[PDB]
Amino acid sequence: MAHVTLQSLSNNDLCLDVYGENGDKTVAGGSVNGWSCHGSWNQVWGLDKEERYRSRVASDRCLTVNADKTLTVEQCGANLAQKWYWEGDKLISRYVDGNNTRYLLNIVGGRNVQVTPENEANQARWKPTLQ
């Protein structure tokens, strides 16, 4: 299982980053957004065999789509909200709801990163980059 950064190709310098809550990166429910690439622990990810992106911040922290379509890291489970797959430079969640669309990892403005309906995902290019 390769350790990578998830670097945007839609922004000259933005990597997927665990902000956390109040300086602590390791907390469950910690927010995930974007930040300049420094490759520190809170910017390193690994894709496990259940298609979860595991954070290197702490054991059992997974990239998780929330109801409001923000991103957090959470304990690892079997929910589709923690499953991801690549189509080219697009990183796509398996999360489903009533809207009949796929959700793509996407910059929504400034350093904010969420998931967005596929047709409205305009800053949604990423590169898994070997550490």
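Sequential numbering from 1, following the sequence displayed.
- Stretch comparison (103-111 versus 15-23) by mean CA B-factor in the PDB entry places 15-23 on top.
- Annotation for 44-52 versus 82-90: the higher mean temperature factor (C-alpha) is found in 44-52.
- Which of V57, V32, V65, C37 has the largest Cα B-factor in the deposited entry comes down to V57.
- Per the PDB record, residue ranking by Cα B-factor puts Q123 in the lowest third of the chain.
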